[PDB]
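Read the structure below first, then the notes.
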Amino acid sequence: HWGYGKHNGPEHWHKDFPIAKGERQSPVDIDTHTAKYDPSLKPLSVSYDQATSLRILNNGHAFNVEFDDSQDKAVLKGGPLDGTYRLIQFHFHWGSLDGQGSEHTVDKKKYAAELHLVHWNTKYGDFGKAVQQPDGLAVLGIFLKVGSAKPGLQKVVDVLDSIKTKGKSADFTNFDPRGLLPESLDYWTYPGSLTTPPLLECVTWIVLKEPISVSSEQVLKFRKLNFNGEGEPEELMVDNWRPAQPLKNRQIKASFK
Ligand SMILES: NS(=O)(=O)c1ccc(CNc2ncnc(NCc3ccccc3)c2[N+](=O)[O-])cc1
Ligand SMILES: [Zn+2]
């Protein structure tokens with residue numbers, strides 16, 4: 001039922017999912033002057049050398065690149081986190097135009113897209129149990145701006161025409177997510193939620209300050225995807241982002257400057 005339109009988009013989600021008006025919803029605007037530098041925050045540890053991608057899937061709301069998360073192979077730790085979080089999938093949110101598409105904003109600036117690398121806390125055993133806990137997930141968010149191509153993105157772009165419509169999937173082995181990371185791991189962090197239903201309040205957000213550049217041709221290929229299934233009226237998969245939500249209590253912390 002839910003999606004991104006006039007009649008089923010973000011402003012409607014609260015009717016099926018009442019936490020949409022909850023106390024720790026994401027995304028949020030990151031006011032860089034109000035974020036508190038915390039000298040006690042550690043460097044983020046991203047250990048993706050043994051990642052095993054398996055598949056790419058059009059789920060009707062974005063595309064997910066899925067990983068084998070049945071062993072510690074691609075993990076996030078350090079930063080603001082206690083313990084170890086396993087990579088389960090990544091996906092993006094993007095716009096119909098280069099001036100919109102990100103979910104988090106920086107001093108109200110929208111980026112063209114935002115990558116989310118989704119990890120679950122191994123103390124809870126599996127993703128499904130982790131999402132039921134306030135420290136269950138750690139999502140690493142990375143902004144995309146349009147400029148030079150990101151060579152490490154091109155394998156993902158080139159398989160999209162094989163998963164054009166909702167419910168399509170393709171083998172996607174040997175993809176290295178290190179090729180999607182900017183040079184700096186400086187970050188902001190705050191407690192929040194999934195940004196799609198069920199909107200569960202289980203996420204430690206870690207949002208990198210430095211964007212990556214992708215080319216106009218690469219983000220063009222994202223916008224050729226479809227929200228509909230095969231044999232249905234074509235709905236381009238664009239503007240699959242939730243807008244910034246009220247911060248309420250919450251303090252955003254910065255690992256730098
Ligand atoms: N946009 S956002 O805030 O980054 C974000 C929004 C929404 C989700 C929602 N993901 C999932 N929901 C159910 N099952 C899953 N997977 C299957 C599974 C279930 C139980 C145990 C193991 C695997 C996944 N999933 O794979 O991610 C994740 C991240
Ligand atoms: Zn996301």
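Just so you know, the numbers here start at 1 and follow the chain as drawn.
Determined via X-ray crystallography, 1.5 Å.
Positions of Cβ are set from backbone N, Cα and C atoms, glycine also.
Of the residues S162, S193, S216, Swiss-Prot records the annotation phosphoserine for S162.
Zn(2+) binding, as stated in Swiss-Prot, involves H91, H93; the candidate among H116, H119 given for that site is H116.
Checking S169, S213 against Swiss-Prot for the annotation phosphoserine singles out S169. With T195 (substrate binding site) as the anchor, the candidate recorded positions are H93, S162, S169, and the one with the nearest CA is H93. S169 (phosphoserine) counts 16 other C-beta atoms within 10 Å of its own C-beta, drawing on all protein chains shown. Checking Cα-Cα distances from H93 (Zn(2+) binding site) against the recorded positions (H61, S162, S169) with a 10 Å cut-off leaves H61, in sequence order.
With a cut-off of 6 Å between Cβ and the nearest atom of ligand 1, the recorded positions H91, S162, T195, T196 reduce to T195, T196. Here the C-alpha separation of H116 (Zn(2+) binding site) and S169 (phosphoserine) works out to 19 Å. When the recorded positions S162, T195 are compared by the number of other CB atoms within 10 angstroms of each CB, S162 has the fewest.
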